[PDB]
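Asker: Experimental structure and its sequence below.
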2 protein chains.
Amino acid sequence: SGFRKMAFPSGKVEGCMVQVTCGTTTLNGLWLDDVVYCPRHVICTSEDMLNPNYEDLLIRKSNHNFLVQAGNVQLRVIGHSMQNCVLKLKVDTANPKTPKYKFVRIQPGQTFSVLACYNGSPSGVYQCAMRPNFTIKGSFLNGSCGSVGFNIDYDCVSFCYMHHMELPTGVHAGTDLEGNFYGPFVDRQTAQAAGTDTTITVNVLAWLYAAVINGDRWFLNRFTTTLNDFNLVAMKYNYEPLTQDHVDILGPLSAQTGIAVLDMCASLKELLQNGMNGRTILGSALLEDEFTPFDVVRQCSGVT
Amino acid sequence: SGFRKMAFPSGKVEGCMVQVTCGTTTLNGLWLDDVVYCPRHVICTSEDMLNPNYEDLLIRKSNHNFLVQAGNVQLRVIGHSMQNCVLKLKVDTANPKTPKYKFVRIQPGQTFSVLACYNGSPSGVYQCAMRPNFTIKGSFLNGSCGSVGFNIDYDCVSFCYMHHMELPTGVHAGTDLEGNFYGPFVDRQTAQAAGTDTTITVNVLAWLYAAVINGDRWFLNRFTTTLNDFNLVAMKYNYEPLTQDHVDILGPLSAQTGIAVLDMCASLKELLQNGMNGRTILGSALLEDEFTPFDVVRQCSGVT
Ligand SMILES: *CC(=O)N1CCC(C(=O)N(C)c2ccccc2)CC1
Ligand SMILES: *CC(=O)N1CCC(C(=O)N(C)c2ccccc2)CC1
């Protein structure tokens, strides 16, 4: 028992982190096979970032300008191309530690682990969620750009995120591994405000199931609700509307605990309308929304 | 910017996890050099655990009874000995992936990362603290025993914890790597209740500094306090008494932010006496105490 915010083991991704330098700028790169992926803003100067024309700035760069270092050994760059907002630096050596991998584009509500790196060196690992406004609440300093978000399915790493920007409100923006930003964010230093940060309703319900499974049951009540009734309450509190897909996705947890999804919705409805009353659920004083139903199932069963 | 509960990169420790089986029981073992460390309760049957005489149960076991498997390759056991509550299985092969390491016994308030494993396979990584009552709030299922807690100082892993028990209240107990349990817990299925779970005051103050550094400043007030006055309030709310050592330990953070430690104590005093008033600090609705001043400094600067 016990339920914790748990990141995937980072070993497989640590073996992929390299340091990329272009001029005065040093950020991280992901080394898979003979390609190093990194944010294209590595070629910008602090002046360029205000309004950069990346195709133009890239014409001024050659293979030898991209300094790629894996630990203390330098990698030879034999090609360079821009794919959307990432650079793909072809190296002469395939990464011997390349795990089995996929590049996936996740949806908001989906969670992943971030291996925070600086100078191609990993510093820590934490669990994030792609927020419904396509931002992530990360922990990234200068030098952390190029750090990746991933999920692991047994031995295959599904890379979903690469860090690019910090919005002036402290939230983070980045791309999938094809260089397409999540949401409307651009790799430009401009006025990009994040939209409403809605709460991931299905994730809160999943975490309520995790709590019942681990002994925290005080919030269970004698009520039920409907999807439409619950949604009126979810609307009021800036929660994602609950769909029959989310109800179906919650099925395995409903089955295991014996609590119908709509009854758990009525518990969540009461928690929204009345607060926690100074109580906690899984050691938290607010409704946690960065555990998916799959994360709850994984942790509650011990998937490796 | 952004502050997250961050675990150390788990790569170095993943390469040490092995599966240990003794009879019907399968748990995890730590493979460093030619020794595999595992909880001594691996030799118990569910009947034995009520009142086990480990020296007696161990006489019935030989080197060939300890089945040690690293991935799909079996390790030959050439020796076995009991050190306090852990078994040390000498193998014929030194772990090629043995990182630089230390075995350290941490104090309560100190934090570490747990690589949760099942059948010698890592499932996830999360950050814990050794609670002042010598328990940890982990996430461990059956099969997770033998999972370790660690800290990393550049390339040296300091192993501090090995999982052994789950108390009937959902909290966890284990040993350092010399087999000595933290606190008064024993590897016996008996009535072991955890003591008062006091809040790690110095860690809360450190996390308040992390919050100011990242933009959350609403809780800052026009008050100050003394160590003795603050301690009257800390006593009332089951907080650890603040010492001049903790004030000194907070020095670097006080210096960086310009907020005197005692002024931050007065902010913490007001938060204790008045609550958060439905507000949050670093995305949390309660006072976080599992970030040490060193963790705040590390994350706020990007130590790899
Ligand atoms: C996220 C990251 O690693 N980086 C973005 C900020 C950047 C930096 O420190 N400065 C000042 C800069 C350089 C070039 C272009 C814009 C801003 C380091 C890399
Ligand atoms: C923590 C851990 O991995 N283990 C302790 C519980 C144990 C188990 O499932 N049972 C039923 C058991 C076996 C032997 C002795 C006591 C309890 C699996 C290992």
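Answerer: It's in. Numbering: from 1, shown residues only, chains lettered A, B, ... in the order given. Ligands and ions are numbered 1, 2, ... in the order given.
Asker: CA atoms for contacts and neighbours, from now on please.
Answerer: OK.
Asker: The residue in chain A sticking out farthest from the centre sits in which helix or strand?
Answerer: Going by Cα atoms, centre = their mean, the residue of chain A most distant from its centre is residue A:222, 36.0 Å out. Under the criterion DSSP states H and E, no helix or strand holds residue A:222.
Asker: quick one: it from ligand 1, how far?
Answerer: Separation of residue A:222 from ligand 1 (Cα to the nearest ligand atom, to the nearest Å): 49 Å.
Asker: Next: residue A:183.
Answerer: 18 Å.
Asker: ok, now residue A:178?
Answerer: Relative to ligand 1, and taking Cα to the nearest ligand atom, residue A:178 is found at 18 Å.
Asker: swap in residue A:175?
Answerer: On the measure of Cα to the nearest ligand atom, residue A:175 and ligand 1 end up 13 Å apart.
Asker: Could you give the number of residues near that residue?
Answerer: Other residues within reach of residue A:175, judged by other Cα atoms under 10 Å in any protein chain shown, total 27.
Asker: Next, the contact list for it, please.
Answerer: A:85, A:160-164, A:181-182 (Cα atoms under 8 Å, 6 or more residues apart in numbering or on different chains).
Asker: So which of those are in helices?
Answerer: Assignment to helices by DSSP state H places none of the contacts of residue A:175 there.
Asker: Take these and keep only those in strands.
Answerer: A:160-164 (DSSP state E).
Asker: From the residues you listed, pick the one nearest ligand 2.
Answerer: residue A:160 (32.4 Å; Cα to the nearest ligand atom).
Asker: what's the neighbour count on the closest one?
Answerer: Neighbour tally, residue A:160, other Cα under 10 Å: 26.
Asker: Quick check: it touching residue A:149?
Answerer: Yes - between residue A:160 and residue A:149 there is a contact under Cα atoms under 8 Å: 5.5 Å.
Asker: which residues are common contacts for these two?
Answerer: By Cα under 8 Å, 6+ apart, the residues touching both residue A:160 and residue A:149 are residue A:112.
Asker: Next, count neighbours for whichever residue of the stretch 1-150 of chain A sits closest to ligand 2.
Answerer: Nearest residue of the stretch 1-150 of chain A to ligand 2, counting by Cα to the nearest ligand atom: residue A:1, 10.1 Å away. As a burial measure, residue A:1 scores 23 neighbours (other Cα under 10 Å).
Asker: wait, what's in contact with it?
Answerer: A:214, A:300, B:139-141, B:166, B:170.
Asker: Which positions in chain A make contact with chain B?
Answerer: Counting by Cα under 8 Å from any Cα of the partner chain, chain A comes close to chain B at A:1-12, A:14, A:115, A:117-118, A:121-126, A:137-141, A:166, A:170-171, A:214, A:284-286, A:300-304.
Asker: Nearest residue to residue A:266 in space, please, no chain neighbours.
Answerer: residue A:224 (4.9 Å; Cα to Cα, 6 or more residues apart in numbering or on different chains).
Asker: so the one you found touches residue A:263, yeah?
Answerer: Yes - at 4.3 Å, residue A:224 counts as touching residue A:263 under the criterion of Cα under 8 Å.
Asker: List just the nearest of the contacts of residue A:175 to residue B:66.
Answerer: Proximity of the contacts of residue A:175 to residue B:66 (Cα to Cα) peaks at residue A:160, which lies at 40.8 Å.
Asker: Does the residue nearest to residue A:266 belong to a helix, a strand or coil?
Answerer: coil (DSSP: H, G, I helix; E, B strand; the rest coil).
Asker: wait, is residue A:233 part of a strand?
Answerer: No - using three-state DSSP, the assignment for residue A:233 is helix, not a strand.
Asker: So what's the residue count around it?
Answerer: 17.
Asker: which residues touch it?
Answerer: A:269, A:272.
Asker: what's the spacing between it and residue A:279?
Answerer: 21 Å (Cα to Cα, to the nearest Å).
Asker: Taking chain A, what residue is nearest to chain B?
Answerer: Nearest residue of chain A to chain B (Cα to the nearest Cα) works out as residue A:11 at 3.6 Å.
Asker: Would you confirm that that residue contacts residue B:9?
Answerer: Yes - Residue A:11 is within contact range of residue B:9, at 7.0 Å (criterion: Cα under 8 Å).
Asker: neighbour count winner among those two?
Answerer: residue B:9 (30 against 19).
Asker: residues touching the more buried one, list them.
Answerer: A:9-11, A:14, A:115, A:122-125 are the contacts of residue B:9 under Cα under 8 Å, 6+ apart.
Asker: can you do 10 Å?
Answerer: A:7-11, A:13-14, A:115-117, A:121-126, B:113, B:115, B:125, B:151-152, B:304 (Cα atoms under 10 Å, 6 or more residues apart in numbering or on different chains).
Asker: And the residue of the stretch 1-150 of chain A closest to ligand 2, how far from residue B:265?
Answerer: Distance from residue A:1 to residue B:265, by Cα to Cα: 35 Å.
Asker: now swap in residue A:17 and tell me
Answerer: 40 Å.
Asker: what number of residues lie near residue A:60?
Answerer: 9.
Asker: In this structure it contacts residue A:53, no?
Answerer: No - in this structure residue A:60 lies outside contact range of residue A:53 using Cα atoms under 10 Å: 11.7 Å.
Asker: which residues touch the nearest residue to residue A:103 once chain neighbours are set aside?
Answerer: Nearest non-adjacent residue to residue A:103, counting by Cα to Cα, 6+ apart: residue A:159, 5.0 Å away. Applying Cα under 10 Å, 6+ apart, we find residue A:159 in contact with A:13, A:30, A:101-106, A:112-114, A:148-152, A:176-177.
Asker: rewinding a little: may I ask which two of the contacts of residue A:175 are separated the most?
Answerer: Every pair of the contacts of residue A:175 checked by Cα to Cα; the farthest is A:85 and A:160, at 14.2 Å.
Asker: Could you list the domains of chain A?
Answerer: A:1-14+A:100-197, A:15-99, A:198-301 (curated CATH domains).
Asker: Need the winner for burial among these.
Answerer: domain A:1-14+A:100-197 (a mean of 22; mean count of other Cα atoms under 10 Å in any protein chain shown).
Asker: bridging residues for residue A:31?
Answerer: Going by DSSP bridges, residue A:31 is paired in beta bridges with residue A:36.
Asker: Which parts of the stretch 151-300 of chain A are strands?
Answerer: Remark: strands assigned in the stretch 151-300 of chain A by DSSP state E, counting those that start in this stretch are A:156-166, A:172-175.
Asker: Rebuild those as a markdown table, extending it with distance to residue A:202.
Answerer: As requested, the strands of the stretch 151-300 of chain A are exported to a markdown table (distance: least, Cα to Cα, whole Å):
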| stretch | distance to residue A:202 |
| --- | --- |
| strand A:156-166 | 20 |
| strand A:172-175 | 22 |
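Asker: Name the nearest residue to the closest residue to ligand 1 within the stretch 201-304 of chain A, sequence neighbours excluded.
Answerer: Ligand 1 sits closest to residue A:290 of the stretch 201-304 of chain A, with a gap of 23.4 Å, by Cα to the nearest ligand atom. Once flanking residues are discounted, residue A:290 sits nearest to residue A:129: 5.6 Å by Cα to Cα, 6+ apart.
Asker: about what we covered before: for the residue nearest to residue A:266, which residues are in contact?
Answerer: A:230, A:260-267, A:269.
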